[PDB]
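Presented as structure tokens, the chain that follows is alone, the form deposited without the DNA.
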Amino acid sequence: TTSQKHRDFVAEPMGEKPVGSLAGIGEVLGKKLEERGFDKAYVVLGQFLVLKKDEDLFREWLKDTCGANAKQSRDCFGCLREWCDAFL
């Protein structure tokens, strides 16, 4: 299943939404992503696209970059994958 946060994200263009609008990215992860330059959701989309939408490599990058656990990286990947299927 998915959260409402996921459904809200995949339903519309992301524009300049902050990184915290991604499913899985709560306060703590969002801070650490901002510290490393990923301050908006589209920058994380960028990394997902550079990695050619590879689930294992993206989720591993997210863990390495901000400490996302398995649930959090699963949620974040899923919302970017579904967003891309709808809008890219």
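Just count from 1 along the sequence shown to find any residue number.
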Mind pulling up the entry and telling me whether 63-71 or 76-84 has the higher mean Cα temperature factor? 63-71
Regarding 34-42 and 52-60, which shows the higher C-alpha temperature factor on average in the entry? 34-42
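Just so you know, the form deposited with the DNA bound exists too; it's not on screen, but the next bit is about it.
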Although the partner isn't part of this model, could you tell me whether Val28 comes within 4.5 Å of the DNA in the deposited bound form, counting any heavy atom of the residue? yes
Under a 4.5 Å heavy atom criterion, is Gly24 part of the interface with the DNA in the deposited bound form? yes
Might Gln72 be said to contact the DNA in the deposited bound form, defining contact as any heavy atom within 4.5 Å? yes
Taking heavy atoms only, is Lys32 within 4.5 angstroms of the DNA in the deposited bound form? yes
